[PDB]
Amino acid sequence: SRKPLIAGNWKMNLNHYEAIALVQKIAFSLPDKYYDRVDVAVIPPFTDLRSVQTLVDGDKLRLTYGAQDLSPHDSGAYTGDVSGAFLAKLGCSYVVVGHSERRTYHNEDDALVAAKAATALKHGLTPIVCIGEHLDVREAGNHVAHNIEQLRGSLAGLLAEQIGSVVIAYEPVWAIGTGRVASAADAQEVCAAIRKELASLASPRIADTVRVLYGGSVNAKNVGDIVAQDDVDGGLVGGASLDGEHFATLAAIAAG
């Protein structure tokens, strides 16, 4: 089976002591037994990573953590940018690449996302490679093909075993601020097509190991229907990740 993953994208929220308080809310809210059945990760801003790392390692917590971006380069004259080497040294397990906010606000195209994914893997990090279509594509009925094409572009250059080392997240961007709602069936249709394409880019065996997460709006009342879907392996969670009790509840549901 694929072990489900519930990863909380905090976005640009929470300072370093707020970070510690949130991680403690989660740790003290989620019964230990659940970790054998679900992987649970927090994804704080860069500036919170030291604080989270030392809490998680110092208290031997079973939650893992990650970052929200990284440079396609390893080091050098890139003022403002953060290397995957730094994230690795901090013990990060995951790094989000290609989030729709970065694609939109920061002009990140598929090729850059692919480069970031490769660099993540060079530093032993698991990239969470995000894809998803806008409402115009969805309305045209071309959402499956568009997602496949975006996946191919965002994984370009990766070898089959490298594909086996990524996570994919499907963001139904067409359901953000448009008033549209993505159903569990909508999620399953795309995540099934993702897995079929991964089987081509790698192998069926490898595609069957890759976690494909839902990255739309997740809460306690919809998470179970979504993660119950055959090809959906968890969630890249937005706003609910900032409420420790709520986030713990998502993890418990995804576990069983």
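Don't overthink the numbering: it's just position in the shown sequence, from 1.
Looking at 174-182 and 97-105 together, the entry lists the larger mean B-factor for 174-182, computed on C-alpha atoms. According to the PDB record, 128-136 carries the higher mean C-alpha B-factor of the two stretches 74-82 and 128-136.
When the C-alpha B-factors of 65, 46, 34, 214 are read from the PDB record, the largest value belongs to 34.
The entry lists a Cα temperature factor for residue 91 that places it in the lowest third of the chain's modelled residues. Sort the chain's modelled residues by C-alpha temperature factor and residue 50 lands in the lowest third, per the entry.
Residue 16: CA B factor lies in the middle third for its chain, per the PDB record. In the deposited entry, the Cα temperature factor of residue 148 places it in the highest third of its chain's modelled residues. Per the PDB record, residue ranking by Cα B-factor puts residue 160 in the highest third of the chain.
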